[PDB]
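Listed here are the chains, written in short residue letters.
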Amino acid sequence: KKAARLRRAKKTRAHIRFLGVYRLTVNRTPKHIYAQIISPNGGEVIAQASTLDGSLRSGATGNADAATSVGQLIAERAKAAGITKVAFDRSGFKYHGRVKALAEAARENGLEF
Amino acid sequence: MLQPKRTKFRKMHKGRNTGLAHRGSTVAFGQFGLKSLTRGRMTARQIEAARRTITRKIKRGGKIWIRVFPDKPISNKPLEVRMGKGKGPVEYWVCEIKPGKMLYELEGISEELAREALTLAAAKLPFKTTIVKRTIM
Amino acid sequence: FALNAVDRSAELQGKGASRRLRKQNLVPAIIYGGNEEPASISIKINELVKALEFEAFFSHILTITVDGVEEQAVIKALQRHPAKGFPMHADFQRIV
Amino acid sequence: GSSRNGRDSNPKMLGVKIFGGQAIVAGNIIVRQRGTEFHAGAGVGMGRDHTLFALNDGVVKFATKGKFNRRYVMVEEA
Amino acid sequence: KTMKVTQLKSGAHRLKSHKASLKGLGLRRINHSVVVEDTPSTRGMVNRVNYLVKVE
RNA sequence: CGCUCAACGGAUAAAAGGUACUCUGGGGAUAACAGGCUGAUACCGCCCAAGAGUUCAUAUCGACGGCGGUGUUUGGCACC
RNA sequence: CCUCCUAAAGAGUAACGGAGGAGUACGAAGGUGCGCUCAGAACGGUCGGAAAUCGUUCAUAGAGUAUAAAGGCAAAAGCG
RNA sequence: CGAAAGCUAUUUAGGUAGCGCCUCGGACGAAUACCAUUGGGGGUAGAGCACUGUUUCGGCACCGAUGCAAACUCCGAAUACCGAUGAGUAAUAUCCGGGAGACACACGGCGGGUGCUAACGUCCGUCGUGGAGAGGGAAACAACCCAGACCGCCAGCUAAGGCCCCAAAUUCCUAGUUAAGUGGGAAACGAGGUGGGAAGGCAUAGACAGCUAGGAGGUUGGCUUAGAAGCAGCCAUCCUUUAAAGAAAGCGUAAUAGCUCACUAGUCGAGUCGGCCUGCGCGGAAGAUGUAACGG
RNA sequence: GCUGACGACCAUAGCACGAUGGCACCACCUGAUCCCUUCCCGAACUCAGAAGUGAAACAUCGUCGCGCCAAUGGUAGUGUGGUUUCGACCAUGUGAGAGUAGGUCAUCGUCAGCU
C-alpha cells in the first residue's frame, strides 16, 4: 500500500532533511524504476534517471538489470551536475532487490554515500 | 432540597459575582417568566420554598420550570472555633444569580393566576422580580 | 410596517458614542445583506418599541425611510438590555 | 475537619527565554518546557528535557507549520 | 514647528512612567512652560500625561 | 562504600520529665478580666401566608422562606 | 522532593489554603536497525456468557505511555 | 544624600548571615528611563460547552432546546514582560572597592485565598501615602484629597475645599425638584405624595364617580360532603328572558336565608380610567451621663 | 490536455454523493523457480512477468448535504484620569467570544513521461 509505504518512508525523509544534504530518492513500480536527486531544500530536482529514458525504454524494464542501469545513468548525471555526496532514500522500499541494485550501481559509479 | 448527586471537588472557592445575565435572560420553555433584577445567591431551601408555593397555587393546572440549580457549594465555619486550621464543610448549596436571570417559568395556566403565584414566589425569594412576557425576539 | 431612521455617522459609532446616542434616546441599527454595503442608522426608541409591540413586525417586509433613500428590509436581530429589557440594537437585512 | 493537603513543589522557571526577532548565538536556550509545546525547526536543537536551544547564530523565529498545526521555533541566519 | 506644554497639576504622586513622561517633556514644576518639537513621540507623552498638562 | 543526620543546609559520637516551693531578663511583639472593631450566633421587630383556630390566613398563634434593628448571649480579631 | 489550583495570559509569589504522589524499578523497561498501531461499538462464529480467542466494518487515540498529575507523544515518546 | 520592615538559610521565628534597598570613592559614558512605530509567546478578564464533570425540560445512553465550574476550555483580550528602530528630555544604567542600617510594618484602592465578598481580622500580588513629611481640606481624625517646608516680606495667582454668621469669599445669575429639616444614618415591603416621559382603554351614539330601578329562570349545574343551594374542595362553566345579569367578585349561614358587587336602564353633564419607566419625597425607623445621626 | 515523483501550504486544501479515465503512467492482476518474506499464511514485504480489468483503489471534474472559514454593526471585558450607591458610570485608547449576512468542492513550485 502506497499509504503505508509513505508512512514508513517519512522517518528517513525527515532525518535527511534535518541533515540538510542532497537526497537520492528512489521510487520503483512493478513496471518502472525511477531515481532523482532532490536539493537540501526538498523542492528542486537537479538530476533524474528512470527506465522511461530512451536508452532503456524499449527494453526489459522492471528488472534488477534495469535498476542497475538507472543507477549508472543517474550517477553519471549527478557527476555532471556537480553532486558527489548524497543521502540515499529508499523511500520506504526495502533496501533489497531492484532498489539495492540501483543503490549499488549509483554508489560504485561515482557517488559515495 | 436540590443538590448535585456527586461533585468532582467537595469544596469550591467563594468567587465573585459581576456582570449582567446575558445568557438566560429570555424565556423559552414556558409562556410566563419571572426574572431577577438584582444579583445575589439563591439557596436550595429558597428554591424549594418558591417551588412549593407555586405548586400549591397552580394545583396541578400548570407546568413549572426551574432555571436555577445550586451546583455551587458554600462552606460555613462552626461556632467557638478560631480562624484558620482548615476550610469548613459544605453546609448548604447556592446558585449564583445575576441581574435578569430566569428563575421560574409557567405554562398552561391563566395569566392572573400565574401572576399571583409569581407574586408569592417573589415574596419568598430574596430578589426583586418583575414578571416578563415571553418574546420571540 | 414602516419606520423612520437617521444616518448614524462614523463619529456616532463605537462604545462611548453608542452610549451617548442611547442617552439621546436613539437605538443603533445596521441594515446589511441584499446587494450593497451595510448602512448604519438610528431609530427613535419610542417608535421602535411601538413597532416591536406588534407581532407580525418580526415576520413581514419592513420599510426603513432614512430621511431620504428608502430600504426594504427584514428585522434579523434585536439586542435588548439583559435586565431592563428595552431594545439596545437592531439588525435588518435587505430583501431582494 | 482536618483535610491535610498543605504541600507544593518548587518552581521550575519554564517558558520562552528568547522571543521572536532577537539576536541569538549557538547554545542559547530558547524554550524550557514539558513535552513539545514548541518544536525544533531548522537551526534549533532539542534536549532530553525538551529544551529548545540554538544550534547556530542568527535570529529566533516562531511559526506554526505542518499538518498538525504545531508551533515551531527556528533560527534564521540573519 | 514647536509646541508649548505646561504642567497644570503636580506630578510627584503619579506613576513611575508618568513621572518619567514629565521628565522627558522637561516640566519640573507646576505652571512651567517648555518648548518642544511637534512629533508623535512628544504628542504621545502629552497624551500619557494629558490630564495634568495643557498645550498652547 | 557507610547517615528515616526524615527537625531532611545536617548543633554532640552520646540525652526524658516536674515545679502550686520556685526564681531572673523582657512582652500588651502574645493569652485570661475589662474596653475597642465585627455581628456569624443570640434577642427583638417586620415581609409572605401553608395552615391551626367548630366555619374563617391575619381575635390569637405563624410551617417553608425573606429583610432589618440592638449590642444583648455564645463567638471571631488581638487595637489599649 | 514532585504535579495541579490559588498565581491577577513572561518568571516569581503566602496561609495550620484546596487536591494527590515520592524516599523506587529496569542489563532491559537502555542503544541502534527494522517493522507495527490502540480503547471501544456492531455483525457472524463450538463449548463461550455482558465480557476470553477467531473473522468483518467504523474508530486522531474516546487506548497505551513501569508509577501521582500536567504537558506531550504518529518521524509516534506507544507496541513487537 | 538618604532607606527597610523583602527573598533565601538558620535549635530559626523579637537574633544572625548572603542577596535586594542607602551612602562615599573610583571606573565607564548613553550601554539607562520616558514616548512613537514595530517583532514575539501567552491562556488571565470576558466568553463557551468542543474535552472532564454538573443541571432542567421535551423527544426517543442518543437528538433538540437550556444553565454552571479554581484544579474544564473549541475560544480569548486590555495591560504587563522580552526585543528592534527613531527623536527630544533627563543629576541615567552598569562594574570594583570602604561604611551601614534593615530583615515587627500600617492604612486606602485594585486582583484574589481565608472569614460571614464580617472585623481598624488574617495571607499574597500591585499602586499611593505614613513609616521618615510640615502645609491647606475632611469639625476634631498617621495611612483619604490637594500639595512636597533652605531662610525672611503686613505682595500677587491658584490646587483640594468653599463663599448667611461663628469664619476669608455670592443672602450671585439662569431653569427646574423637595415640604420630609429630606438635606443632616438604616433594608424587604407598603401607600391615592409630587414632577416628568413613552404609549394605551372609554367619551356629547353621554366617558368615571354619585343617586334611582333591575340584577332573573332551568338550577340546589354535576361530584364530594354530616351539610356543599353562586361563594370548604374537585370537574364543567351550558342554555333561556333579555337592556342586562357571572353555574358568581365579596360579606353572611351548620346548610338555607339575607346584604352587596360585576352588568344593564334612568339622572348628571366633560373630560375620565388603569398599567409601565424615570427624578425627588413618606412609613417601615426602639437604649441606656445630656440636646447628641448638618461642627453649631 | 493528462499522468507520475518530490515539495510549498495544512480543511476556503476535509468528508459525503455522482460522473470520466486505461493509447503512456498508476493500480489492481498472473506465478512463487530464484533473492527476500510469515512468531502460521506470497496479507504485507520480495522476486519474475504482462493473459485480463479500470470492478476496487487512485487522479480529475461537478455540488453547499455536512464540515471548515467568515464579516459589518452591537455587546462583554479592559490600560489611563475622575466619580461611585461597590452594581457601576463618565472622558479617552483598545476591543472580544458567541451569533448573523456571506465564502468554500483550493492555490502554487521543480523534474520526468504520453499527447
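Analysis parameters
Residues numbered from 1 in each chain as written, not as in the entry; some residues may be left out. Chains lettered and ligands numbered in written order. Part of a larger assembly, values for the part shown. Heavy atoms only, no water. Residues with missing side-chain atoms left out of burial classes, pairs and counts. UniProt positions renumbered as here; feature names shortened; annotations may be inferred. Helix = DSSP H or I, 4+ residues; strand = E, 2+ residues; numbered from the N terminus. Rg over C-alpha atoms; globule rule 2.2 N^0.38 Å. Buried < 20%, exposed > 50% of the residue type's maximum accessible area, 1.4 Å probe, protein only. Contact = heavy atoms within 4.5 Å. Areas by Shrake-Rupley, 256 points an atom, 1.4 Å probe, with all protein chains shown as cover. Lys, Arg positive; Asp, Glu negative; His and termini not counted. Charge placed at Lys NZ, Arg CZ, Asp CG, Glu CD. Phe/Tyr/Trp six-rings, centres within 6.5 Å; stacked < 30°, edge-to-face > 60°. Pairing = 2+ DSSP bridges. Axes fitted to C-alpha atoms, helices over the stretch in contact; angles between N-to-C directions. Near = heavy atom within 4 Å. Polar contact = N/O pair within 3.5 Å; in protein donor to acceptor, adjacent residues only side chain to side chain. Core = buried A, V, L, I, M, F, W, Y, C linked by side-chain atoms within 4.5 Å. Buried area = accessible area lost by both parts, 1.4 Å probe. Salt bridge = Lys/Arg side-chain N within 4 Å of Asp/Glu carboxyl O.

Its PDB header attributes the entry to cryo-EM and lists the resolution as 3.2 Å.

The name given to chain E in the PDB entry is Large ribosomal subunit protein uL30, with the source organism recorded as Psychrobacter urativorans. A UniProt comment under Subunit (unreviewed entry) is attached to chain E, and it reads "Part of the 50S ribosomal subunit." Recorded under Sequence similarities (unreviewed entry), the UniProt text for chain E is reproduced unchanged: "Belongs to the universal ribosomal protein uL30 family."

As annotated in the PDB entry, chain D carries the name Large ribosomal subunit protein bL27 and comes from Psychrobacter urativorans. Under Sequence similarities (unreviewed entry), UniProt gives the following word-for-word description of chain D: "Belongs to the bacterial ribosomal protein bL27 family."

Draft legend 1. A look at the overall build of chain D. Helix and strand counts for chain D come out as zero helices and eight strands. Reading chain D from its N end, one meets helices and strands in the order β-β-β-β-β-β-β-β. Taking 78 residues into account, the globule formula puts the C-alpha radius of gyration at 12 Å, and chain D, at 16 Å, lies well above it. For chain D, the spread of C-alpha atoms along the three principal axes comes to 60 × 30 × 20 Å. Burial status across chain D gives 26% buried among its 78 residues. Across chain D, the fraction of contacts at a sequence separation of at least 24, relative to all contacts at a separation of at least 6, is 40%. Counting every atom, chain D has about 5400 Å² of accessible surface; 50% of that belongs to carbon and sulfur. Here chain D holds 12 positive side-chain charges and 6 negative ones, and the gap between their average locations is 10 Å.

Draft legend 2. Looking closely at the packing of aromatic side chains. Under the defined criterion, the tally for this structure stands at six aromatic pairs over all chains. Look at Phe29(B) and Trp65(B): their rings are 6.5 Å apart centre to centre, the planes differ by 15°, and that puts the pair in the stacked class. Residue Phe29(B) is found in the segment before β1 (32-36), and its partner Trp65(B) is found in strand β3 (residues 63-66); the two are separated by 36 residues along the sequence. Here the aromatic cluster, defined as three or more aromatic residues joined through ring pairs, consists of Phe88(A), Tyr95(A) and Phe113(A).

Draft legend 3. Molecular detail of unusual backbone geometry. All names here are of chain D. Phi is positive for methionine 13, close to 60°, though the residue is something other than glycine. Structurally, the position occupied by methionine 13 is in the segment before β1 (15-16). When its relative accessible area of 55% is taken as the criterion, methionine 13 is described as exposed. Positive phi is not limited to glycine here, since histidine 50 has a value of about 75°.

Draft legend 4. Focus on the arrangement of the chains. The protein chains that touch form two pairs of chains, and the pair with the most contacts between them is chains B and C. Structurally, chain B and chain E remain out of contact, their C-alpha atoms never closer than 28 Å.

Draft legend 5. How the structure looks around the sheet that holds strand β1 (residues 2-7) of chain E. Residue and element names in this part refer to chain E. Within the open sheet, the three strands sit side by side as β2-β1-β3. Their pairing is antiparallel. The sheet is open, and its two edges are formed by β2 (33-37) and β3 (53-55), each paired on a single side. Each adjacent strand pair in this sheet contributes to an overall mean axis angle of 30°, direction not counted. Where helix α2 (residues 40-48) meets the sheet, its contacts fall on β1, β2 and β3, and the angle it forms with β1 comes to roughly 20°.

Draft legend 6. Local environment of the protein's contact with RNA strand G. Around RNA strand G sit 31 residues, and of these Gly86(B), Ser3(D), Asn5(D), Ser9(D) and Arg34(D) come closest. Counting only atoms of RNA strand G within 4 Å of the protein, the sugar-phosphate share comes to 70%. Here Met13(D) contributes a backbone N or O atom positioned 3.0 Å from a phosphate oxygen of RNA strand G. Per-element accounting of the surface near RNA strand G gives the leading share, five residues, to helix α1 (residues 2-19) of chain A.

Draft legend 7. Region of interest: the nonpolar core. Residues and elements named next belong to chain A. One finds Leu24, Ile37, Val70 and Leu102 to be the most contacted residues of the largest nonpolar core, which totals 24 residues. The greatest single-element share of this core, amounting to six residues, is contributed by helix α3 (residues 64-81). If near-sequence neighbours (up to four positions away) are discounted, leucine 24 is found in contact with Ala35, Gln36, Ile37, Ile74, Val86, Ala87, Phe88, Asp89, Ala106 and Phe113.

Draft legend 8. Focus on the interface of chain C and chain B. Each partner contributes residues to the interface: chain C has 10 residues there, and chain B has 11 residues. Note on chain C versus chain B: buried area summed over both sides is about 740 Å², and carbon and sulfur give 70% of it. It is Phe58(C), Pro82(C) and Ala83(C) in chain C that bury the most area against chain B; as a group they hold 65% of the surface buried on that side. Put simply, chain C and chain B have zero salt bridges between them. Taken together, the connections running from chain C to chain B amount to two residue pairs in polar contact.

Draft legend 9. Just the environment of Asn109(A), in detail. Residue and element names in this part refer to chain A. Following the sequence through the fold, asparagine 109 ends up in the segment after α4 (97-108). Relative accessible area serves as the criterion here: at 26%, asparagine 109 is assigned to the partly exposed category. Taking the C-alpha atoms as reference, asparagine 109 lies 32 Å from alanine 3; in sequence the two are 106 residues apart. Setting aside anything within four residues of it in sequence, one finds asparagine 109 in contact with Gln72 and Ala75.

Draft legend 10. Molecular detail of the protein's contact with RNA strand I. The environment of RNA strand I is formed by 58 residues, the closest being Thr29(A), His32(A), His96(A), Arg22(C) and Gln79(C). Atoms of RNA strand I within 4 Å of the protein: sugar and phosphate make up 78%, bases the balance. Taking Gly14(C), its main chain carries an N or O atom lying 3.0 Å from a phosphate oxygen of RNA strand I. Here a sugar or linking oxygen of RNA strand I and a backbone polar atom of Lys67(D) are 2.7 Å apart. When residues of the surface near RNA strand I are assigned to their parent elements, the largest contribution, six residues, is made by helix α1 (residues 15-23) of chain C.

Draft legend 11. Layout of the pairing of strand β3 (residues 39-44) of chain C. Residue and element names in this part refer to chain C. As paired elements, strand β1 (residues 2-7) and β3 share three bridges and run antiparallel to each other. Among the inter-strand pairings, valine 6 is bridged to a residue of β3, identified as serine 42. Across six bridges, the pairing between strand β2 (residues 26-33) and β3 is antiparallel. Paired with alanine 29 across the bridge in β3 is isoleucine 41.

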